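**Q** Structure provided below as structure tokens; questions to follow.
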């Protein structure tokens with residue numbers, strides 16, 4: 037109750053969240069009185085959420101969060117039940133106690149579950165790395181008791197168990213924040229070569245939990261067979277990192293393309309200006325290292341070009357091929373990584389690859405345009421219109437559903453605003469394996 041003017045004091049605090057923030061305050065008087073209830077207003081800020089990067093994996097991995105919330109608990113156990121109902125081993129038995137180099141062997145008795153485990157739901161894996169119908173990783177013909185995995189650095193390795201483990205850890209780590217109403221009606225979505233998968237698998241989910249963990253382990257197996265090479269085990273691939281290079285950032289962006297006149301390599305993910313990745317074909321880490329260490333001998337931008345490069349460089353590339361066969365790297369203006377593949381040079385590793393597999397277990401009823409902000413990798417925002425920049429990527433249905441289409445209906449909701457996204461999000465899921 038009120039009048040005109042003789043003032044007051046009050047108490048103020050940050051109540052809860054609702055879906056934003058929630059504040060707690062009510063107005064009083066001089067010795068703190070009370071009437072006319074209490075104010076609120078959930079004041080928040082322009083949030084932005086992102087994702088992981090497939091590189092900081094370890095033993096712990098949010099297993100303290102596993103015991104914390106039941107919602108954090110069960111989602112970690114949900115697909116865990118689904119694993120042994122598809123392919124028997126508990127990932128929770130993997131990451132809590134790491135099955136170090138002698139890993140799990142698939143005990144897998146031939147009773148009721150023979151057709152589910154030592155049969156179909158495995159032994160249908162096809163690699164398009166060579167001549168197409170190449171069934172992956174044989175000696176799992178009909179009997180084949182105890183097909184056995186083993187690493188040599190602990191089981192949390194091989195980009196095969198870590199990738200389903202990494203996407204399940206942070207996903208349940210996000211949903212506790214969903215449990216306490218810490219998310220606005222719209223925000224940002226990002227990923228870095230794995231978090232794009234756990235983007236519409238995370239907040240704004242379109243898939244099930246068990247649909248996620250299959251297609252990661254599908255993919256986390258698929259990247260391993262990107263190249264048939266070295267029966268003992270060694271790689272002709274690799275990744276290298278870089279400094280700024282006596283000022284840089286399109287310093288050598290064309291100059292690496294002068295190296296691929298002759299042999300062929302790419303850049304990895306253009307992550308920063310002070311950070312870059314280059315897709316390596318093994319001699320680049322050895323032969324072109326002096327080619328990039330020639331330039332730290334003091335040389336910045338000078339005048340006009342075309343009297344120039346690799347007549348100096350290929351004096352050094354063919355110089356250590358006689359040095360070794362699977363050459364160990366070096367530092368000096370080139371910090372090495374330790375992978376064994378690419379992230380773009382796959383090229384012909386779609387078509388019937390994951391490109392085929394996504395039609396299973398991700399097709400139709402794929403939500404609304406609530407994900408109009410899933411600005412995925414190698415793109416810009418998310419708008420269901422004349423996104424012609426998708427055609428400059430990997431053409432297939434993207435000139436079959438493009439100019440053949442364009443207003444082939446009435447642009448209503450129902451299915452027209454469902455199928456249009458269903459193709460392109462499949463197509464956004466397409467060469468994300470490729471195109472670094």
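Residue numbers (this note's numbering): 37 to 472. C-beta: ideal position from N, C-alpha, C; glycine also.
Which residue's Cα is closest to the Cα of residue 195: 254, 467, 472, 150?
**A** It is 254.
**Q** Going along the chain, which residues of its own chain have a beta-carbon closer than 7 Å to the beta-carbon of residue 202, five neighbours each way excluded?
**A** Excluding positions up to five away in sequence, the list reads 88, 90, 93, 230.
**Q** What whole-angstrom Cβ distance do residue 380 and residue 426 have, given they're in contact under 8 Å?
**A** At roughly 17 Å, the Cβ-Cβ gap does not stay under 8 Å, so residue 380 and residue 426 are not in contact.
**Q** When DSSP labels each residue in this structure, what does residue 275 get in the three-state scheme?
**A** Three-state result, residue 275: strand.
**Q** According to DSSP, residue 313 sits in a beta bridge with which residue or residues?
**A** Answer by DSSP bridge pairing, in chain order: 277.
**Q** Can you tell which of 465, 338, 301, 398 has the C-alpha that lies nearest to the C-alpha of residue 429?
**A** Here the closest residue by C-alpha is 465.
**Q** In this structure, does DSSP put residue 460 in helix, strand or coil?
**A** Reduced to three states, the DSSP call for residue 460 is helix.
**Q** Just to check my reading of the structure: residue 363 and residue 356 have Cβ atoms closer than 8 Å, yes? What is that Cβ distance to the nearest angstrom?
**A** Confirmed, Cβ separation roughly 7 Å.
**Q** Among 169, 422, 155, which has the Cα closest to the Cα of residue 178?
**A** When each option's Cα is compared against that of residue 178, the closest is 155.
**Q** What is the residue span of the beta strand (DSSP E) that residue 48 lies within?
**A** Element bounds for residue 48: 46-49.
**Q** Between which two residues does the alpha helix (DSSP H) carrying residue 211 extend?
**A** Counting along the chain, the alpha helix (DSSP H) containing residue 211 begins and ends at 198-215.
**Q** Below 8 Å on the Cβ atoms is my contact criterion, and I expect residue 63 with residue 46 to pass it. Report the Cβ-Cβ distance as a whole number of Å.
**A** Contact holds; Cβ gap of about 4 Å.
**Q** State the DSSP-derived secondary structure class of residue 247, mapped to helix, strand or coil.
**A** Three-state DSSP puts residue 247 in a helix.
**Q** Buried or exposed: which applies to residue 302, given that a residue is buried once 16 or more other Cβ atoms fall within 10 Å of its Cβ?
**A** Buried.
**Q** Is the beta carbon of residue 411 closer than 8 Å to that of residue 225?
**A** In contact: residue 225 and residue 411 (Cβ atoms closer than 8 Å).
**Q** What does DSSP give as the partner residue(s) for residue 163 in the beta ladder?
**A** 170.
**Q** Does residue 326 come out as helix, strand or coil in the three-state DSSP assignment?
**A** Helix.
**Q** Is residue 319 closer than 8 Å to residue 353 when the C-beta atoms are compared?
**A** A contact, by the Cβ cut-off of 8 Å.
**Q** Should residue 52 go down as buried or exposed, given a rule of 16 or more other Cβ atoms within 10 Å for buried?
**A** Answer is exposed; the Cβ neighbour count stays below 16.
**Q** Per DSSP, residue 303 is paired with what?
**A** Its beta-bridge partners are 314.
**Q** Taking the DSSP output, what are the residues bridged to residue 372?
**A** Bridge partners of residue 372: 276.
**Q** Going by DSSP, what residue range makes up the alpha helix (DSSP H) through residue 120?
**A** Element bounds for residue 120: 106-120.
**Q** Just to confirm, are residue 281 and residue 369 a CB contact at a threshold of 8 Å?
**A** Contact flag set, yes.
**Q** Measure from the alpha carbon of residue 173 to the alpha carbon of each residue in 103, 260, 421, 192, then state which is nearest.
**A** Nearest option by C-alpha distance: 260.
**Q** Report yes or no: do three or more beta-carbon pairs, one from the region 245-253 and one from the region 391-401, lie closer than 8 Å?
**A** Contact holds: three or more Cβ-Cβ distances are below 8 Å.
**Q** Going straight from the alpha carbon of residue 170 to that of residue 160, what length do you get?
**A** About 10 Å.
**Q** DSSP three-state label for residue 454, please.
**A** In the structure shown, residue 454 sits in a helix (DSSP, three-state: H, G or I).
**Q** With distances taken from CA atoms, which of 175, 166, 165 is nearest residue 158?
**A** The shortest Cα separation from residue 158 among 175, 166, 165 belongs to 175.
**Q** Going by alpha carbons, who is nearest to residue 390 out of 468, 433, 447?
**A** Measuring from the Cα of residue 390, the nearest candidate turns out to be 468.
**Q** Roughly how far, in whole angstroms, is the beta-carbon of residue 79 from the beta-carbon of residue 57, given that I think they are within contact range, below 8 Å?
**A** Between residue 57 and residue 79 the Cβ distance is about 6 Å, and since that is below 8 Å, they are a contact.
**Q** Rounded to the nearest angstrom, what separates residue 377 and residue 270 at their Cα positions?
**A** Those two C-alpha atoms are separated by around 11 Å.
**Q** Please list, in chain order, all residues of the same chain as residue 285 whose beta carbon is under 8 Å from its beta carbon, the five residues on each side excluded.
**A** Excluding residues within five positions, the ones whose Cβ falls inside 8 Å are 309.
**Q** Report yes or no: do three or more beta-carbon pairs, one from the region 233-242 and one from the region 95-108, lie closer than 8 Å?
**A** With a cut-off of 8 Å, the region 95-108 and the region 233-242 do not count as touching, because too few Cβ pairs lie within range.
**Q** State the beta-bridge partners of residue 358 as determined by DSSP.
**A** None, per the DSSP bridge assignment.
**Q** In this structure, what does DSSP give as the bridge partners for residue 385?
**A** Note: residue 385 sits in no beta bridge, so no partner.
**Q** For the alpha helix (DSSP H) containing residue 350, name the first residue and the last one.
**A** Taken as a continuous stretch (DSSP letters only), the alpha helix (DSSP H) holding residue 350 covers 350-353.
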